Amino acid sequence: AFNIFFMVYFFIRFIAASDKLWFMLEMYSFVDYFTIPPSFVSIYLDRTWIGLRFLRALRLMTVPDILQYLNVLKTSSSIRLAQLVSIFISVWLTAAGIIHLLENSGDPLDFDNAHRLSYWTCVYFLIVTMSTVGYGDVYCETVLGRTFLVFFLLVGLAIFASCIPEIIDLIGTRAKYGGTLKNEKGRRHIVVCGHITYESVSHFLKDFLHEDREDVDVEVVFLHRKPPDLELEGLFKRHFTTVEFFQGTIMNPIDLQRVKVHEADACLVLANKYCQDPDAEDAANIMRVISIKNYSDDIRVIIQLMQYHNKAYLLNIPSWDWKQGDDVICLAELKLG
Amino acid sequence: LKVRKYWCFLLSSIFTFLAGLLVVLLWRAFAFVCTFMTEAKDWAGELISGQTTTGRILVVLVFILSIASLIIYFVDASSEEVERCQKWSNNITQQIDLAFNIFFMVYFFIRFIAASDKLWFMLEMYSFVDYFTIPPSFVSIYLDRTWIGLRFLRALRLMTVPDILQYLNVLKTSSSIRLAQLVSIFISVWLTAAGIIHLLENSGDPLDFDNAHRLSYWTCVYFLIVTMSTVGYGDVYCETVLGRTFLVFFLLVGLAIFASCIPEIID
Ligand SMILES: [K+]
Ligand SMILES: [K+]
C-alpha cells in the first residue's frame, strides 16, 4: 500500500522530467527501478522474499534536506556536516542489506553454503570493518559475499580518502585565542592594551608581579589584535596563574565586554617606542582612551604618551579626571628629565 | 538468581536522578514575580577555590578515597558472580564501601545545598556519576544483596587527579599540565568503558538471561586497549546483543571524539 502511491509518485517525476535521458541514472530514481517491480512480485505468485527493499535506506540522504525546511539547522556550517553523516549512515545501512542478502540467500550455483546472519549482526559486521578492527568472530563465507568485501573495501577506501581528507580536515581547525574572560568571586584584574611585545610586557611583569611585593593578587589581562609570537608565548606560560591573553581590539565594544572592563580596577595603555611617527602613535593611543572612557565613565586609565605636546588632547576628554586616578606617563618628558 | 532485581536498583537510581528533575524544576522559578547565601561563599572556596586548607583538605578526601573505592570495587569485580548474596555484617570490604559513601552522599549535599546554578548543576559530569552511584549505596542495606553495580563509574574521578597535582606543585609548568589533562581523560574513559563492557557481558541480556559470557575486568581492559589501537586479535570478543550494540556506538563516538581534539591540539 505504501508503494502503491510511491510507484505512481515516480510517475510525476518521469512524466515531467526536464531531462528524459539523464534522469534514467539519477540516484533516487535508480533505487526505485530495483524496488518497484518487487512490489508486483508479491501479487502474482503469493511468495515474498527479502527483496532489494533495503535500498530504501538511501532515502536517508534526503533527511537533512527536510531539516532545512523545518529550520532545525539554520546555519550552513551545520548543514554541511549534517550532509556527510547522512551518506555515512545511508551507505553503512545499505551495504549491510547487501551483506544480509549475499549471505543468507547463498551462491546461485550450489545454494548450500549459506550462513544464517542477522541484520543486527550485519551492521555490527561493517562498523568494525570500516574502523579496520576486524574481530573475526563474524565473517562472510559465501563466495559472492567475499567478492563484495574485496570490492567495497577498495571503493570504500578510495571514497573515504577522496572527500574526507580535504573537507573534514578544514572543519577541525579552529582558533585557540578568544572567548569571554573567566569570572571569579572577588576577582581583581587590570586590562593592558596597546603595544604588546616581548621586551615591553616582560619589563612591566617584572615589577607588577615582583618576588618581594607584599601579597596582593591582581590578574593581568592582555588584549592585543595580533596573536602572540613564540618569544612572547613562553612568557605567558611562565605566568599562567596570573596572566591571560585575549585576541581582540580595545576599540571594539564587543571585545571590551569580553575582557570585563567594568570589573577591571584600571586600564593600562602601552606605547610603541619604536615608531616612525610619534604623533600618529600618540593619536591612536589617545583614541583608545576615548573608547574605554565611552564604555565606562568611572574607569581608571594610565597611558604611555610619546610626546609632551600631546598631553593637551587628553584634557579634552570630559571623562578624564586627574583626581579620580587617571594619569599620563610621558616617555619623552620622564626620560630626558 | 530467582527474579531480576537490578531493574529496581536502577529504578532507585532513576528515582533519585529524576528526583532533582522534579524537586528543583518545580520550586525555583516561582519566586521571581514577588544559610544558603553565607555558606555558598565558603563552599566555593571549601570545594573549588581553596588555596591552603579550605579546599585542598576537602578535595584530598574525595578523590583518594574514590580511588580506594575503586580498589575495593576491583575485589568484587574479579568475583565470578554478578549479583551475589552475603551477610553484610562483618565482611572484609562490604562495610568500607558503604562507610566511604556515607560521607560522600552527604558530601554531595554541600554541593547541592549551595549550588550557584540550581538547574544547570543537574547534568554536571561529576554530579551525574553520583546520581547513578548514590542509590546503589541504599540498595545493599534493605535486601542484603549486592551486585556489580554502577560503581565502576567512580573511575571518572581520575579526571580530577591532575588538578591535585597542581595543588601539590608536582607539575608547575602549564605545558605539562595540559598534556597531563589529556592522559587523565584517556585513562578514565578507558577504565569506565571496560566497566560497562564487564557489566553488559556478565549480566547478560535482560530478555533471555542465558547468553552471558564470563569475562574478567583484567580481560575487559585488554579488550579495549587493542580495540582503540585497531588491532583486533579476536581471541576475546563480545557475545551479548546489548554488548555488541555498545561496540557499534562507542567506536563511532570514540573515533569522532578522537578525531575532534587530538588532531588539533596533540599535533
Ligand atoms: K586490524
Ligand atoms: K584484526
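Atoms considered below: every heavy atom in the structure, side chains included; atoms not considered: hydrogens, waters and symmetry mates. In each ligand, atom 1 is the first atom listed, and ligand 1 is the first ligand listed. Chain letters run A, B, ... following the sequence lines, proteins first, then strands; residues in each count from 1.
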Could you tell me whether B:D97 and B:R154 have a side-chain N and a carboxylate O separated by less than 4.0 Å? no
Residues passing the side-chain hydrogen bond (donor to acceptor under 3.5 Å, both in side chains) test with B:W88, sequence neighbours excluded, are B:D144
Can you find a side-chain donor-acceptor pair between B:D235 and B:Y222 that sits under 3.5 Å? yes
Looking at the rings of A:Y177 and A:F245, which for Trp means the six-membered one, are their centres under 6.0 Å apart? yes
Distance flag, aromatic centroids of A:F10 and A:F6, threshold under 6.0 Å: no
For the K ion (ligand 1), every protein N/O/S atom that sits closer than 3.4 Å, waters excluded: A:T132 O, A:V133 O, B:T230 O, B:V231 O
Taking NZ, NE, NH1 and NH2 as the nitrogens, is one of them in A:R59 or A:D32 under 4.0 Å from a carboxylate oxygen of the other? yes
